[PDB]
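Reading through the structure tokens given below for one structure.
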Amino acid sequence: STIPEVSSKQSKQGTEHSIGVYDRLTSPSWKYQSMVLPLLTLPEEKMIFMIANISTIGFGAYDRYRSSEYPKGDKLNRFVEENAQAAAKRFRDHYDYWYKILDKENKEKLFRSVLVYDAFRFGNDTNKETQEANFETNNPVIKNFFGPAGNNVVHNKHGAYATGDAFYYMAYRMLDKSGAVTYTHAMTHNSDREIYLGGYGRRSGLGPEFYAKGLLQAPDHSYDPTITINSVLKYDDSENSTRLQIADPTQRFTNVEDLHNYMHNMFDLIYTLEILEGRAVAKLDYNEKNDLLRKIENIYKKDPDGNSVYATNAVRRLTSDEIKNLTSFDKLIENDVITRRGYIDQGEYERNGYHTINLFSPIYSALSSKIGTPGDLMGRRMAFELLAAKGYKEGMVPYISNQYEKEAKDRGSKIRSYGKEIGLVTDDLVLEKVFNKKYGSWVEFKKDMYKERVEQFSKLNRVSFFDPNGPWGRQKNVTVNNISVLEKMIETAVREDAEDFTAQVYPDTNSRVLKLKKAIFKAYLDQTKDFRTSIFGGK
Amino acid sequence: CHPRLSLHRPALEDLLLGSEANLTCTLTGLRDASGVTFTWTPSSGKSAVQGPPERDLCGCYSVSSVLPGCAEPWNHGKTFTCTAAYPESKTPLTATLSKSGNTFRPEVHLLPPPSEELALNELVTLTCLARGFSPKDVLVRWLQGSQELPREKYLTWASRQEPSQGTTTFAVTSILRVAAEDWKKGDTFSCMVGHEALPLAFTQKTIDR
Amino acid sequence: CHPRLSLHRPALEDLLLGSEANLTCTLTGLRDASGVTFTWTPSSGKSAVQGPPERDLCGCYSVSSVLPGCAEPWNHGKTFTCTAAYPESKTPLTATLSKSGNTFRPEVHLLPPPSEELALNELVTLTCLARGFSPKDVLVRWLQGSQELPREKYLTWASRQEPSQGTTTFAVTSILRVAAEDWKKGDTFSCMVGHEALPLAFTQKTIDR
């Protein structure tokens, strides 16, 4: 690892700290230590490659990556060496970032040993067909190593799945970038209760996929306009344009306070953008306001238990009384309105679903469940907002860790699930805990955040920017100095967006407001070297 | 085609000159047959007339409804809400129409032709100015004496937002071309303007040499 | 969606004020991504740039091209023909643009506000007339002394067919609001009118009390 301290801890042979493959395989707590002999008596030809890490051990066959136009030989060897080294460095960078972030002395639990596999789908020299293996094929790789290392994989149709103590690539491939992204997702699945959270388990209602895709995972691309932290992979190859993310994860983050400051300032920008969009939306006709906004509801469907606590977020078309009540910006938070731009769905966002959160789509709703499950989209949004307001250790983790479950159970809220009694922690309880007495209800907390952001950009804002995004006519200079011009442009863009919203196929990426928001975000992210402080200067 | 339901205000000629106003709730993007319903919340003694499907952009069928005799309900102040159900999706799309408040009485300013145009005396560029009105629906036409000139005989621009502070009024200008001898002869030319904001709904500005 | 290709002239500001004209070749109805080839027949010292795709109605993906520095070829008289080949059909569509013949010099007639409007003296509504030009591309502004007023401070109409015999000319009108004090004091008002047919490309009409 990059940090000299863990490098010193790893260079020594000392168990529970050594990076050495042999020390890990020999020592207990390794599921299949039967690999040690076949991995030592392989026939001389190079068949398999191993990628080690501070927390994981990688296994893969050369035949996995062999292809039609890509046959065996020296070129296969060179490609495999280069990408194995690159993937090992990326994995090391990801776990170095996590080691920096964890400071509750839970970082000492990162020295575990977990194995990952490739897909056993070896390619041929003639055609790009990765035929499977079933411990009986004649490929020497499974004859020599994978066979004797006895463990069967279910061979799922698609998707690299985690088990709980191990992992196996199924559809992706560990050398590529998507390999690293799915690797971060996989380790979020595998190290969730003990490592990423401070020994506290998952929230009583939320499933394993809640923590996987929406948060605690690297963005699927650099394009992705989603609130997430680029943790594993770095890139500066013509990707500077439309980055919308962090270029250097191993350099941007040093400790918890840096991550908290970065998230806080990104939310400082996003709150200003949301405030401008909401102010524009408030002064609108009935039909446009109806077609441009929705409402989010909590539906307590019947659980796979005797309980009904677990809530499911559902988005429904809002009614006439609500839209009549929406006379100004501040009422938007009151009536729990969500924009249609990125959340077009009119059904339900089912629990345990791969739901992300859009960056430029405002969610004015401070909705929280009076029962102890907040749902998926509201869950992720509130978790990120809390991470912005308060650090990683207090906030976010208390929001979703069952950390207060013991105190909630002490206060009451007893419940029985899967034949055993267990405590139940509720949104109001965590709100009272993380903020001792500062906020009475979540609506007040959201309003206070918006208000403080309002005076914050009232006092300060940066001077020079070039985010024109006009017509095909050459327009380059806008030099937004006071946010009044930004608000005027946002309002004009919203009024324009009130039309041309009757598209069968493409009603979203043709929206002017999304492009303007993206331009503003990119200009502000590039102007500051790191994210640093968004609104700086004056006025 | 994803359908959407919209409402259109009645023509100002129907609103003013027409005894019974027809108000329309058209539906576009219907990618199926005419298995649709057109429901009007204010049932002020009117029936929803349904027509045959019409091919919209890329050939999508479009079905429309008409609520005739809407002048009295409009005079009654009742706002219209139109709800429709279509076979493609269960959810019913809704559109709402309401009275446009804060209307402004237009002002008419007849513009005599300039001296340079009058100096040529080949033709006179008779011009009229309609200004100071909130709604965008204004009927403008040129009147010669007591005889209304045909629409092809004069030229007029569409209404647009005018530069103003606070009040969002609109302006309209019209141009008429006729022989210079008629103006000098003594026969005057009139600018006849109609707008629903005025209780009389009409204003005339006339001048001659 | 049916593919459709067309050519568009550079903006009149680019045509007259702009040193390098940017002429547009746009394609609509392409049911796929930007796997298209755009070729200009008069590609004399110019580079074709294809930018982001613009999604039109009904999901028909559309992309366009820009030809910078076309002012000299436009002054050279070389017609611009654009050929587009798209993955949907092997046959490449072709679009042709040629110089607009029979250009007519506009006349600018500054109309003082009417006496009735001047009688109120609260605000005088200056009127500018742009008439008599075959091409439909005319730029009009209002000039206050030596300072040009912002476009948001005045309203101007668009080109439209006018009733004329033989020659197909167009007429545009511009309007402006200002107090009578400046008109009475001596501060004159200028109407800045530009058109490509004029060799000087600009005609100014100014008057005051």
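Which chain is which? The protein sequence lines are P, B and A, in order. Just so we're aligned, residue 1663 is where the first sequence starts under the authors' numbering, counting upward by one. Just so we're aligned, residue 242 is where the second sequence starts under the authors' numbering, counting upward by one. Just so we're aligned, residue 242 is where the third sequence starts under the authors' numbering, counting upward by one. Using N, Cα and C, we set each Cβ at its ideal position, and we do this for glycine too.
- Around residue 247/B, the same chain offers 267 and 336 as residues with beta carbons nearer than 7 angstroms, after the five sequence neighbours per side are excluded.
- Note on the stretch 262-312 of chain B: there is no whole alpha helix (DSSP H) run with a minimum of 4 residues.
- Under the three-state reduction of DSSP output, residue 1991/P falls in the helix class.
- By a beta-carbon distance limit of 8 angstroms, residue 448/B does not contact residue 366/B. Their separation comes to about 15 angstroms.
- For the C-beta of residue 2008/P, the chain B residues within less than 8 angstroms are, from N- to C-terminus, 332.
- Taking one beta carbon from each stretch, the stretch 1847-1854 of chain P and the stretch 1822-1835 of chain P have 3 or more pairs nearer than 8 angstroms; the two touch.
- The residue from 402/B, 286/B and 314/B with its alpha-carbon nearest to that of residue 340/B is 314/B.
- Look at residue 327/A: its C-beta is not under 9 angstroms from any C-beta on chain B.
- Think of a sphere of 9 angstroms around the beta carbon of residue 384/A: no beta carbon from chain B falls inside it, the nearest being about 16 angstroms out.
- For residue 383/A, the enclosing beta strand (DSSP E) covers residues 379-385.
- Burial check for residue 318/B: the Cβ neighbour count within 10 Å stays below 16, so the residue is exposed.
- For the beta strand (DSSP E) assignment, the uninterrupted runs of no fewer than 3 residues enclosed by the stretch 373-431 of chain B are, from N- to C-terminal side, 379-385, 395-397 and 411-419.
- Leaving aside the five residues that flank residue 272/A on each side, the residues in its chain whose CB is nearer than 6 angstroms to its CB run, in chain order, 242 and 329.
- For residue 2005/P, no chain B residue has a Cβ inside 7 angstroms of its Cβ, as the nearest lies near 16 angstroms away.
- A Cβ-Cβ contact shorter than 9 angstroms links residue 1956/P with residue 1977/P.
- Among the residues facing chain P, residue 401/B is not included, as its CB has no counterpart in that chain under 9 angstroms away.
- For the stretch 1884-1906 of chain P, the beta-carbon criterion of a distance under 7 angstroms to any beta-carbon of chain A is satisfied by none of its residues.
- At least one CB atom of chain A sits nearer than 9 angstroms to the CB of residue 2136/P.
- The beta carbon of residue 276/B sits closer than 6 angstroms to those of 328, all from its chain and outside the five residues before and after it, given in chain order.
- DSSP places residue 437/B outside both helix and strand once states are collapsed to three, so it counts as coil.
- Secondary structure of residue 250/A (DSSP, three-state): coil.
- Close to residue 242/B, with beta-carbon spacing below 7 angstroms, are these residues of chain A in chain order: 299.
- Taking a beta-carbon distance threshold of 9 angstroms, residue 1881/P does not count as an interface residue toward chain B.
- Taking residue 438/B as reference, the option from 379/B, 403/B and 300/B with the minimal CA-CA separation is 379/B.
- Residues of chain P with a Cβ closer than 9 angstroms to the Cβ of residue 245/B are, in chain order, 1953, 2163 and 2164.
- The beta carbons of residue 2110/P and residue 2181/P sit no closer together than 9 angstroms.
- With contacts defined as CB atoms closer than 9 angstroms, residue 382/A and residue 390/A qualify as a contacting pair.
- Residue 252/A is not a Cβ neighbour of residue 309/A, given a cutoff of 9 angstroms.
- The C-beta of residue 2080/P has fewer than 16 other C-beta atoms within 10 Å across all chains shown, which makes the residue exposed.
- Using a Cβ-Cβ distance cut-off of 8 angstroms, the stretch 1985-2004 of chain P and the stretch 1944-1960 of chain P are in contact, since at least three pairs of beta carbons, one from each stretch, lie closer than that value.
- Residue 1778/P is not a Cβ neighbour of residue 1724/P, given a cutoff of 9 angstroms.
- At least one C-beta of chain B is nearer than 9 angstroms to the C-beta of residue 1948/P.
- Residue 445/B is bridged by DSSP to 433/B.
- With respect to the 9 angstroms criterion, residue 1774/P and residue 1857/P are classified as neighbours on the basis of their beta carbons.
- Under the Cβ criterion (8 angstroms, minimum of three pairs), the stretch 1754-1763 of chain P counts as touching the stretch 1714-1730 of chain P.
- With 16 or more other CB atoms across the displayed protein chains lying within 10 angstroms of its CB, residue 1973/P is buried.
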